[PDB]
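What follows is one chain in structure tokens, specifically the form deposited in one PDB entry.
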């Protein structure tokens, strides 16, 4: 399953963040009467990527223009934010790996466990779209909290030549602050993981939601034309 293009909202003041998962973000939040989301055009260096985690306030799309990124995705859902999937109690979960191909679009609904890594020796592009769900609260940017999460825990890139140094406190906050933004984020790779299998189950591979993505693309392009019925900032 492929998708041709996801354009970037062109803000006057672009927000560029180096996440503590070693991801280079150019990120923005947008909303219209019917919808709100955050969108990031990212560059992932070798070894970059978030450890396995679960979302409660958003549905997520991943678009990989040159492939290469390896995604991880569960078949099981975790609708209860208060039950971490850990050795402690509610139990670790099984993950399945996806070797992304060029222009592939992966859809991950709320409550699924996922993450990704760049396992190659070259920096690879990726685009994330995080859409506000029906149970998300109103954050300042109306996007279900994702841009607020990254802006709070990742250092801003004031110079894309001199990438900021990431600190222990920033890596820790990536984990510990995540619940305020509807994320259960693991702090080490195997914390939530029982197995990683390379045999992708059909029901995961078939996940798609092109309608909402298409709408959100309309909102971005309407924003870039100057349409004042929508907002990005």
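Positions refer to the first chain, counted from 1. Basically, rigid core = biggest C-alpha set you can superpose within 1.5 Å across the two forms. Shifts are known only where both forms have a C-alpha.
A second form of this protein, the form deposited in another entry, is not displayed here; the remarks below concern that form.
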| item | value |
| --- | --- |
| Rigid-core-referenced C-alpha movement of 2 Å or more between this form and the one not shown, selected from 88, 137, 109, 119 | 137 |
| Core-superposed comparison between this form and the one not shown, residue 9 Cα displacement 2 Å or beyond | no |
| Post core alignment: residue 21 C-alpha displaced by 2 Å or more between this form and the one not shown | yes |
| Shift in CA distance, residue 181 and residue 141, in the other entry relative to the form shown here, given it is 3 Å or more | closer |
| Relative Cα spacing, residue 78 and residue 140, in the other entry - shift of 3 Å or more | closer |
| Core-superposed comparison between this form and the one not shown, runs of at least 3 residues with CA shifts of 2 Å or more | 19 to 23, 136 to 142, 152 to 154, 161 to 167 |
